[PDB]
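The values are calculated or read from the model by the stated rules, or taken from the named source; none is laboratory data. Please note: Cβ atoms are built from the backbone with ideal geometry, for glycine as well, and neighbour counts cover all protein chains shown.
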(Lines give C-alpha, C1' and ligand atoms only; values in the text may rest on other atoms or scores of the structure.)
Protein backbone atom coordinates (compact mmCIF):
# COMPACT_ATOMS: atom_id res chain seq x y z
CA UNK A 1 0.00 0.00 0.00
CA UNK A 2 0.87 3.66 -0.34
CA UNK A 3 -0.50 7.08 0.51
CA UNK A 4 0.06 10.57 -0.89
CA UNK A 5 -1.18 13.79 0.69
CA UNK A 6 -0.66 17.49 0.00
CA UNK A 7 0.73 19.60 2.84
CA UNK A 8 -0.04 23.33 2.82
CA UNK A 9 1.62 26.26 4.67
CA UNK A 10 -0.61 27.76 7.39
CA UNK A 11 0.45 31.29 6.54
CA UNK A 12 2.52 33.47 4.24
CA UNK A 13 5.74 32.71 6.17
CA UNK A 14 5.60 28.89 6.12
CA UNK A 15 5.40 28.98 9.95
CA UNK A 16 4.01 25.43 9.72
CA UNK A 17 2.31 23.04 7.29
CA UNK A 18 -1.03 21.26 7.59
CA UNK A 19 -2.11 18.04 6.01
CA UNK A 20 -5.69 16.71 5.86
CA UNK A 21 -6.22 13.54 7.86
CA UNK A 22 -9.41 11.44 7.86
CA UNK A 23 -10.37 10.17 11.34
CA UNK A 24 -13.26 7.90 12.21
CA UNK A 25 -16.34 6.52 10.51
CA UNK A 26 -17.85 8.40 8.75
CA UNK A 27 -14.61 10.31 8.19
CA UNK A 28 -13.95 13.46 10.14
CA UNK A 29 -11.29 15.46 8.32
CA UNK A 30 -8.86 17.43 10.50
CA UNK A 31 -5.83 19.40 9.35
CA UNK A 32 -2.84 18.14 11.28
CA UNK A 33 0.75 19.30 11.68
CA UNK A 34 2.96 16.39 10.58
CA UNK A 35 5.85 16.46 13.01
CA UNK A 36 8.92 14.24 12.52
CA UNK A 37 10.17 15.59 15.88
CA UNK A 38 7.44 14.00 18.04
CA UNK A 39 5.46 10.80 18.24
CA UNK A 40 1.93 11.63 19.42
CA UNK A 41 -1.12 11.94 17.16
CA UNK A 42 -3.39 14.29 19.12
CA UNK A 43 -6.42 16.32 18.16
CA UNK A 44 -8.71 19.08 19.25
CA UNK A 45 -11.90 17.30 20.25
CA UNK A 46 -15.36 17.36 21.76
CA UNK A 47 -13.55 16.85 25.07
CA UNK A 48 -11.29 19.90 24.82
CA UNK A 49 -12.06 22.56 27.45
CA UNK A 50 -14.47 24.76 25.52
CA UNK A 51 -12.66 27.98 26.53
CA UNK A 52 -9.49 26.59 24.92
CA UNK A 53 -11.14 25.96 21.52
CA UNK A 54 -11.07 28.90 19.09
CA UNK A 55 -11.89 28.10 15.45
CA UNK A 56 -10.28 24.66 15.17
CA UNK A 57 -12.09 21.67 13.74
CA UNK A 58 -12.72 19.09 16.42
CA UNK A 59 -12.84 15.30 16.52
CA UNK A 60 -16.01 13.97 18.09
CA UNK A 61 -15.42 10.29 18.98
CA UNK A 62 -19.08 9.72 19.87
CA UNK A 63 -19.96 10.34 16.22
CA UNK A 64 -17.48 7.65 15.01
CA UNK A 65 -18.65 4.02 14.77
CA UNK A 66 -15.03 2.85 14.93
CA UNK A 67 -13.81 4.95 17.89
CA UNK A 68 -12.76 2.96 20.94
CA UNK A 69 -11.78 4.41 24.30
CA UNK A 70 -8.45 3.15 25.55
CA UNK A 71 -9.44 2.44 29.14
CA UNK A 72 -7.53 4.43 31.74
CA UNK A 73 -5.01 5.77 29.23
CA UNK A 74 -3.78 9.37 29.42
CA UNK A 75 -1.25 11.51 27.60
CA UNK A 76 0.63 14.74 28.27
CA UNK A 77 3.24 16.40 26.07
CA UNK A 78 5.51 19.47 26.16
CA UNK A 79 7.17 20.82 23.06
CA UNK A 80 10.44 22.69 22.65
CA UNK A 81 8.61 25.98 22.14
CA UNK A 82 7.02 25.54 25.56
CA UNK A 83 3.63 24.52 24.17
CA UNK A 84 1.72 21.67 25.76
CA UNK A 85 -1.42 19.54 25.63
CA UNK A 86 -2.93 16.58 27.44
CA UNK A 87 -5.98 14.32 27.56
CA UNK A 88 -7.27 10.77 27.11
CA UNK A 89 -6.90 8.26 24.32
CA UNK A 90 -9.01 6.65 21.65
CA UNK A 91 -8.18 4.25 18.88
CA UNK A 92 -9.86 4.84 15.55
CA UNK A 93 -9.44 4.43 11.83
CA UNK A 94 -7.04 7.01 10.40
CA UNK A 95 -6.33 7.64 6.73
CA UNK A 96 -3.71 9.85 5.13
CA UNK A 97 -3.87 10.40 1.38
CA UNK A 98 -5.46 7.02 0.75
CA UNK A 99 -3.42 5.02 3.26
CA UNK A 100 -5.54 3.58 6.07
CA UNK A 101 -4.46 2.40 9.53
CA UNK A 102 -7.06 0.71 11.68
CA UNK A 103 -6.73 0.94 15.49
CA UNK A 104 -4.52 4.03 15.43
CA UNK A 105 -4.13 5.77 18.79
CA UNK A 106 -5.88 9.12 18.49
CA UNK A 107 -5.08 11.22 21.50
CA UNK A 108 -7.98 13.46 22.48
CA UNK A 109 -7.02 16.79 24.04
CA UNK A 110 -8.76 17.74 27.26
CA UNK A 111 -6.39 20.68 27.69
CA UNK A 112 -4.21 22.69 25.30
CA UNK A 113 -1.89 25.67 25.92
CA UNK A 114 -2.71 29.10 24.56
CA UNK A 115 -0.40 28.92 21.54
CA UNK A 116 -2.51 26.01 20.23
CA UNK A 117 -5.80 27.78 21.06
CA UNK A 118 -4.63 30.94 19.27
CA UNK A 119 -3.69 29.06 16.09
CA UNK A 120 -6.99 28.43 14.32
CA UNK A 121 -5.41 26.58 11.42
CA UNK A 122 -3.94 23.59 13.24
CA UNK A 123 -6.41 20.97 14.47
CA UNK A 124 -3.71 18.81 16.00
CA UNK A 125 -0.39 17.04 15.47
CA UNK A 126 0.60 13.79 13.81
CA UNK A 127 3.94 12.59 15.11
CA UNK A 128 6.40 10.82 12.84
CA UNK A 129 9.41 10.43 15.13
CA UNK A 130 10.08 7.01 16.71
CA UNK A 131 7.39 5.55 18.91
CA UNK A 132 9.78 5.47 21.91
CA UNK A 133 8.87 9.15 22.38
CA UNK A 134 5.10 8.53 22.55
CA UNK A 135 3.66 9.92 25.80
CA UNK A 136 0.64 7.66 26.30
CA UNK A 137 0.55 6.08 29.78
CA UNK A 138 0.49 3.41 31.12
CA UNK A 139 1.32 1.80 27.76
CA UNK A 140 3.04 3.73 24.95
CA UNK A 141 1.30 3.75 21.55
CA UNK A 142 2.66 3.50 18.02
CA UNK A 143 2.87 6.30 15.46
CA UNK A 144 0.82 6.29 12.29
CA UNK A 145 3.98 5.41 10.32
CA UNK A 146 4.93 2.58 12.66
CA UNK A 147 1.46 1.09 12.40
CA UNK A 148 1.42 1.42 8.60
CA UNK A 149 5.01 0.23 8.01
CA UNK A 150 4.57 -3.48 7.47
CA UNK A 151 1.78 -2.82 4.94
CA UNK A 152 3.71 -0.24 2.93
CA UNK A 153 5.27 -1.22 -0.42
CA UNK A 154 8.49 0.12 1.10
CA UNK A 155 8.99 1.10 4.79
CA UNK A 156 9.51 4.81 4.08
CA UNK A 157 7.85 8.18 3.99
CA UNK A 158 9.03 11.32 2.26
CA UNK A 159 8.69 15.03 3.00
CA UNK A 160 8.63 17.45 0.07
CA UNK A 161 7.85 20.81 1.71
CA UNK A 162 7.12 23.85 -0.42
CA UNK A 163 8.65 27.31 -0.23
CA UNK A 164 5.58 29.59 0.08
CA UNK A 165 3.69 26.80 -1.69
CA UNK A 166 2.10 23.45 -1.01
CA UNK A 167 4.16 20.27 -0.96
CA UNK A 168 3.75 16.53 -0.43
CA UNK A 169 3.99 13.73 2.14
CA UNK A 170 4.24 10.31 0.51
CA UNK A 171 4.07 7.00 2.32
CA UNK A 172 5.43 3.73 0.97
CA UNK A 173 7.23 4.89 -2.17
CA UNK A 174 9.84 7.30 -3.53
CA UNK A 175 8.57 9.64 -6.26
CA UNK A 176 11.59 9.72 -8.59
CA UNK A 177 10.10 12.69 -10.49
CA UNK A 178 10.06 14.93 -7.40
CA UNK A 179 13.77 15.73 -7.15
CA UNK A 180 16.84 16.55 -9.27
CA UNK A 181 19.97 14.41 -9.38
CA UNK A 182 20.31 11.63 -6.87
CA UNK A 183 19.28 11.01 -3.27
CA UNK A 184 22.19 10.79 -0.83
CA UNK A 185 21.49 8.63 2.20
CA UNK A 186 23.09 9.11 5.62
CA UNK A 187 22.99 7.17 8.92
CA UNK A 188 20.41 7.77 11.61
CA UNK A 189 20.69 7.34 15.35
CA UNK A 190 17.44 6.50 17.12
CA UNK A 191 18.95 6.68 20.65
CA UNK A 192 17.05 9.89 21.53
CA UNK A 193 13.90 8.92 19.61
CA UNK A 194 14.52 11.39 16.77
CA UNK A 195 15.54 11.22 13.11
CA UNK A 196 19.04 12.16 14.27
CA UNK A 197 21.91 12.38 11.84
CA UNK A 198 25.27 14.08 11.24
CA UNK A 199 25.62 16.79 8.60
CA UNK A 200 29.10 16.94 7.09
CA UNK A 201 29.43 20.73 7.13
CA UNK A 202 28.25 24.05 5.73
CA UNK A 203 28.91 26.97 3.43
CA UNK A 204 27.72 30.57 3.50
CA UNK A 205 26.73 32.00 0.14
CA UNK A 206 29.48 31.36 -2.39
CA UNK A 207 32.07 30.67 0.33
CA UNK A 208 34.10 27.50 0.49
CA UNK A 209 32.40 24.60 2.22
CA UNK A 210 33.61 24.01 5.78
CA UNK A 211 33.91 20.34 6.56
CA UNK A 212 32.71 19.76 10.13
CA UNK A 213 30.37 17.33 11.90
CA UNK A 214 27.01 18.77 12.92
CA UNK A 215 24.72 16.37 14.80
CA UNK A 216 21.05 17.31 14.45
CA UNK A 217 17.48 16.16 13.88
CA UNK A 218 15.25 16.37 10.80
CA UNK A 219 12.17 18.03 12.24
CA UNK A 220 9.22 19.01 10.05
CA UNK A 221 7.47 20.39 13.14
CA UNK A 222 10.05 23.14 13.74
CA UNK A 223 9.89 26.25 11.57
CA UNK A 224 13.48 27.39 11.50
CA UNK A 225 17.03 26.06 11.15
CA UNK A 226 18.84 25.96 14.52
CA UNK A 227 22.55 25.39 14.39
CA UNK A 228 25.62 25.91 16.62
CA UNK A 229 26.42 29.54 17.48
CA UNK A 230 29.71 29.42 15.54
CA UNK A 231 27.93 28.46 12.31
CA UNK A 232 25.10 30.94 12.78
CA UNK A 233 27.49 33.81 13.54
CA UNK A 234 29.47 32.99 10.40
CA UNK A 235 26.26 33.22 8.37
CA UNK A 236 24.92 36.52 9.71
CA UNK A 237 28.38 38.15 9.52
CA UNK A 238 27.79 38.14 5.77
CA UNK A 239 24.55 40.15 6.04
CA UNK A 240 24.93 43.90 6.26
CA UNK A 241 23.35 45.30 9.43
CA UNK A 242 22.49 41.90 10.90
CA UNK A 243 22.76 41.52 14.68
CA UNK A 244 21.60 39.20 17.44
CA UNK A 245 18.86 40.86 19.46
CA UNK A 246 18.19 39.50 22.95
CA UNK A 247 15.08 41.67 23.03
CA UNK A 248 13.64 40.08 19.91
CA UNK A 249 15.14 36.69 20.72
CA UNK A 250 17.47 36.09 17.81
CA UNK A 251 19.17 37.40 14.70
CA UNK A 252 17.46 40.24 12.89
CA UNK A 253 18.50 42.10 9.75
CA UNK A 254 17.35 45.03 7.63
CA UNK A 255 14.38 43.82 5.56
CA UNK A 256 15.98 45.39 2.46
CA UNK A 257 19.16 43.27 2.79
CA UNK A 258 20.14 40.63 0.25
CA UNK A 259 20.54 37.33 2.10
CA UNK A 260 23.18 34.82 1.05
CA UNK A 261 22.29 31.18 0.55
CA UNK A 262 23.20 28.58 3.17
CA UNK A 263 24.55 25.16 2.26
CA UNK A 264 24.54 22.08 4.48
CA UNK A 265 26.30 18.80 3.82
CA UNK A 266 24.82 15.32 3.47
CA UNK A 267 27.75 12.98 2.99
CA UNK A 268 29.64 14.28 -0.02
CA UNK A 269 26.46 15.90 -1.30
CA UNK A 270 25.16 19.42 -0.64
CA UNK A 271 21.74 21.03 -0.13
CA UNK A 272 21.57 24.74 -0.83
CA UNK A 273 19.03 26.85 1.01
CA UNK A 274 18.36 29.97 -1.05
CA UNK A 275 18.70 33.32 0.75
CA UNK A 276 14.98 34.04 0.29
CA UNK A 277 14.09 31.03 2.44
CA UNK A 278 15.97 32.59 5.35
CA UNK A 279 13.74 35.72 5.44
CA UNK A 280 10.88 35.45 7.96
CA UNK A 281 9.62 38.94 7.51
CA UNK A 282 9.18 41.92 9.80
CA UNK A 283 9.73 41.29 13.51
CA UNK A 284 6.40 43.09 14.06
CA UNK A 285 3.84 44.53 11.64
CA UNK A 286 5.27 47.55 9.84
CA UNK A 287 8.86 47.11 11.04
CA UNK A 288 11.78 47.46 8.66
CA UNK A 289 13.68 44.90 10.77
CA UNK A 290 13.27 41.29 9.70
CA UNK A 291 13.67 38.04 11.60
CA UNK A 292 16.21 35.47 10.44
CA UNK A 293 15.43 31.87 9.52
CA UNK A 294 18.77 30.55 10.77
CA UNK A 295 19.18 30.86 14.51
CA UNK A 296 21.44 29.54 17.24
CA UNK A 297 20.59 26.18 18.86
CA UNK A 298 22.51 27.19 22.00
CA UNK A 299 20.12 26.56 24.86
CA UNK A 300 17.95 24.05 22.97
CA UNK A 301 20.44 21.25 23.59
CA UNK A 302 20.15 19.88 20.08
CA UNK A 303 20.62 21.16 16.52
CA UNK A 304 17.39 21.18 14.48
CA UNK A 305 17.09 20.91 10.74
CA UNK A 306 13.61 22.42 10.65
CA UNK A 307 11.41 23.52 7.77
CA UNK A 308 13.83 26.22 6.55
CA UNK A 309 16.31 23.43 5.76
CA UNK A 310 13.98 20.60 4.84
CA UNK A 311 11.93 22.64 2.32
CA UNK A 312 15.11 23.04 0.23
CA UNK A 313 15.22 19.27 -0.20
CA UNK A 314 13.31 16.13 -1.03
CA UNK A 315 13.71 14.11 2.19
CA UNK A 316 13.39 10.36 2.63
CA UNK A 317 12.62 9.02 6.08
CA UNK A 318 13.69 5.42 5.68
CA UNK A 319 12.14 3.30 8.39
CA UNK A 320 13.85 0.06 7.50
CA UNK A 321 15.36 -2.12 10.23
CA UNK A 322 18.35 0.16 10.15
CA UNK A 323 16.84 3.58 9.51
CA UNK A 324 18.47 6.19 7.30
CA UNK A 325 17.70 9.67 5.97
CA UNK A 326 17.97 10.61 2.32
CA UNK A 327 18.33 14.10 0.88
CA UNK A 328 18.06 15.29 -2.72
CA UNK A 329 17.98 18.75 -4.27
CA UNK A 330 14.84 19.70 -6.11
Practice task
Would you mind finding the one in 24, 37 that is crowded, with 21+ Cβ neighbours inside 10 Å and closer than 22 Å to residue 278 by Cβ?
Solution key: 37
Practice task
Starting from residues that are buried (at least 18 other Cβ atoms within 10 Å of the Cβ) and either part of a strand (DSSP E or B) or not assigned by CATH to the domain that holds residue 101 (or both), keep the ones in region 129-166 and report whichever is farthest from the chain's Cα centre (by Cα).
Solution key: 156
Exercise for the section: Could you tell me whether residue 169 is under 29 Å from residue 15 (Cβ atoms), buried (at least 20 other Cβ atoms within 10 Å of the Cβ), touching a residue at least 12 places away in the same chain (Cβ under 8 Å) and outside the structural domain of residue 319 (by CATH)? Expected result: yes
Exercise for the section: Check whether at least one residue in region 84-105 is touching a helix residue (DSSP H, G or I) at 6+ places or on another chain (Cβ under 6 Å), surrounded by fewer than 16 Cβ atoms within 10 Å (Cβ to Cβ), on the phi < 0 side of the Ramachandran plot and not assigned by CATH to the domain that holds residue 309, and report yes or no. Expected result: no
Fill in the blank from the handout: When region 179-204 is checked residue by residue, the ones that are over 19 Å from the mean Cα position of the chain (by Cα) and either at positive phi or in the same structural domain as residue 133 (by CATH) (or both) are 181, 201
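Output the residues belonging to region 280-300 that are part of a loop (DSSP other than H, G, I, E, B), closer than 17 Å to residue 259 by Cα and in contact with a helix residue (DSSP H, G or I) (Cβ under 9 Å, 6 or more places away or on another chain). Even if it seems obvious, please write down each step before you answer.
Step one: filter region 280-300 for residues part of a loop (DSSP other than H, G, I, E, B), giving 283-288, 293, 297-300.
Then drop every residue that is not closer than 17 Å to residue 259 by Cα, which leaves 283, 288, 293.
Passing the criteria: only 293.
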Exercise for the section: Inspect all residues belonging to region 105-128 and state whether any of them is free of Cβ contacts under 8 Å to residues at least 24 places away in the same chain and in contact with a strand residue (DSSP E or B) (Cβ under 8 Å, 6 or more places away or on another chain). Expected result: no
Exercise for the section: State all residues of region 237-262 that are over 21 Å from residue 15 (Cα atoms) and not in a loop (DSSP other than H, G, I, E, B); if no residue qualifies, say none. Expected result: 243
